[PDB]
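Here's the structure, in structure tokens; my notes come after.
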Amino acid sequence: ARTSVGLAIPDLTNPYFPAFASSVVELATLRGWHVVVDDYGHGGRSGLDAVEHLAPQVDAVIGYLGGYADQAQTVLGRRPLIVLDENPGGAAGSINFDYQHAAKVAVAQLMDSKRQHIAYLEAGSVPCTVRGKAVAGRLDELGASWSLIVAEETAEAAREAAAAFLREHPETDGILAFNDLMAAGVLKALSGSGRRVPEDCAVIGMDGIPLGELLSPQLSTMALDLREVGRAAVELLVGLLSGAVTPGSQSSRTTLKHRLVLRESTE
Amino acid sequence: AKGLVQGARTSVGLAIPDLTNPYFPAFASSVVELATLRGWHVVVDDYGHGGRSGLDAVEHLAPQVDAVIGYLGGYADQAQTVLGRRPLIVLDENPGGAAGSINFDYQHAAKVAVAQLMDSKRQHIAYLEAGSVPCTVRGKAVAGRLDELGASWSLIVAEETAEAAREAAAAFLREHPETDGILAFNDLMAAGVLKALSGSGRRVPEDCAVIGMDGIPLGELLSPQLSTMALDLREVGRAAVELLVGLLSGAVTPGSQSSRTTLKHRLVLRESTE
Ligand SMILES: OC[C@H]1O[C@@H](O[C@H]2[C@H](O)[C@@H](O)[C@@H](O)O[C@@H]2CO)[C@H](O)[C@@H](O)[C@H]1O
Ligand SMILES: OC[C@H]1O[C@@H](O[C@H]2[C@H](O)[C@@H](O)[C@@H](O)O[C@@H]2CO)[C@H](O)[C@@H](O)[C@H]1O
């Protein structure tokens, strides 16, 4: 019997997650391992439910658990859990992202284009997300005149919110979106409103999904090298299973950075 | 005791060949939605890695599932043999001995997509096939239909990616600047084509019309928005899950005519056509 790894993701509809999955599955498969994916964005299921479903079939789990790191590691006992993008707590391992760095770099690009009227579009129902608070922190630190927009995390939801906001605030000449999915919605709002990109208003996303290269204009984004993210998660898993890495230690907590990828949506 | 989750649950395996063609995540999500709402556990095996085949995915899934729904890359027959009486429902291929099958009417889709272009009086139509003469099923169906109409059309072939399709379209548009209509194998490849047309200063639809296939949500985000022969993925999922219910209940006999369902694409007109 070969090593089996559970992969838990909150949906397949946000294109980040299938790209994340594909990367992890690619590298795990080349180690000769099996991977089973549980998409839990359905029927009110949670990150904890995903882990409970997978544990009897797997020797380990990697996933976005939506807060349930502690309880999930407990369900797993001595099988390692590697959580992404959350407080690791009692999890055996962790992969996080330097949002402060990302916030800094992304704002810088808009500042370099002397953008006077900036909006940040947040995923939600004041900023609520980790990346949200970083961007807001950096914008307030610089003294930029900026506004917060909030929308559910879909393209359509982001378009509608942006479209409305542009009517109330037509001067807006720079927009940072929570992610590339929402960013695609923003672009459409600008398109529909008759504004050119980047001339009348620039747009920067976050994630670096392939979708960005197919949009018109192609989308500038704070990208994550998904080969690096997967590699980080699999090697960390190797260490934890070999015992090279002690569960819960410093050496089991990794942080990765976004790289700015400039495309057509900025000048 | 009484607080617990009750009923030992049915377990379904979903085999997909990759997660990189946006069609499959959309397909998978739909199936996981419906299955989950029946109280089923689902596991997805993306087998587009390590040289693995659809048969490998079924071998992996079998011991931990009661049934498989999947795109199997031609291993339908061998996979059902592995599964024994555990039902396999295959999509878009010759099901062989598979317990159930869902396929699509590519002739109807060909006729509707082509009608659209004829109605806009496009004079120089190209079809972009996924590949390395038309080799795919829908590919043959479209050729058949255009040959039948006496239209003067060209064939383009590329690997099934956006970039490969872009690369191939651009090369073709140079030797064939007259090109005013393009049918793409699917929406992913179409997105490459839009890029090539844009990069060649050709307006869409005005100078060239583009129609894809699949109806992935991406079409609504491209500029121009992509007209396509669309599948309702709700309906495709519903047909798969319902068929499985019939097979597991015994209401549907494995291999019977009633275990083979044919679905149809619907034309969705967006920006990319006149
Ligand atoms: O890690 C990159 C992805 O983050 C996802 O959002 C996370 C969020 O950052 C985290 O704080 C927690 O709330 O889980 C979320 C996933 O449900 C984005 O959805 C995705 O687009 C990536 O940016
Ligand atoms: O079912 C629609 C999807 O088909 C996928 O291609 C299929 C192909 O049609 C089928 O004949 C067989 O060869 O398997 C292929 C997938 O492994 C497309 O890739 C996808 O975009 C949909 O159109």
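Residue numbers begin at 1 in each chain, while the letters A, B, ... track the order of the sequences. When a ligand or atom number is given, it counts from 1 through the structure's own listing order. No hydrogens, no waters, no symmetry mates; every other heavy atom, side chains included, goes into these values.
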>> Could you go through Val229(A) and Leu84(A), starting from their C-alpha distance and side-chain angles, then the distance that decides it, and tell me whether this counts as side-chain contact (heavy atoms from CB on, under 4.5 Å)?
In response: CA-CA 10 Å; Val229(A) 173; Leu84(A) 276 94; 3.9 Å; yes
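- Distance check on atom 10 (C) of ligand 2: some protein heavy atom falls below the 4.0 Å cut-off.
- Short contacts between ligand 2 and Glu160(B), defined as distances under 4.0 Å to a heavy atom of the residue, involve ligand atoms 18 (C), 19 (O), 21 (O).
- Protein heavy atom nearest atom 12 (C) of ligand 1, with residue, atom name and distance: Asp85(A) O, 4.0 Å.
- In this structure, atom 19 (O) of ligand 2 has a protein heavy-atom contact shorter than 4.0 Å.
- Residue, atom and distance of the protein heavy atom nearest to atom 3 (C) of ligand 1 are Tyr16(A) CE2, 3.6 Å.
- Residue contact annotation: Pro10(A) has a non-hydrogen atom under 4.0 Å from ligand 1.
- Of the protein's non-hydrogen atoms, the one nearest atom 4 (O) of ligand 1 is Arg131(A) NH2, 2.9 Å.
- Of the protein's non-hydrogen atoms, the one nearest atom 23 (O) of ligand 1 is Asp207(A) OD1, 2.4 Å.
- Ligand 1 lies out of reach of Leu84(A), whose nearest heavy atom is not under 4.0 Å from it.
- Annotation for ligand 2: atoms under 4.0 Å from non-hydrogen atoms of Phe104(B) are 1 (O).
- Residue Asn186(B) has at least one heavy-atom neighbour below 4.0 Å for each of these atoms of ligand 2: 21 (O).
- Using a 4.0 Å threshold on non-hydrogen atoms, atom 15 (C) of ligand 1 does not count as touching the protein.
- Of the candidates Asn179(A), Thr129(A), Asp11(A), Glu153(A) forms a side chain to side chain contact (heavy atoms under 4.5 Å, CB included) with just one, namely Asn179(A).
- For ligand 2, the atoms lying closer than 4.0 Å to a non-hydrogen atom of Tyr71(B) are 1 (O), 2 (C).
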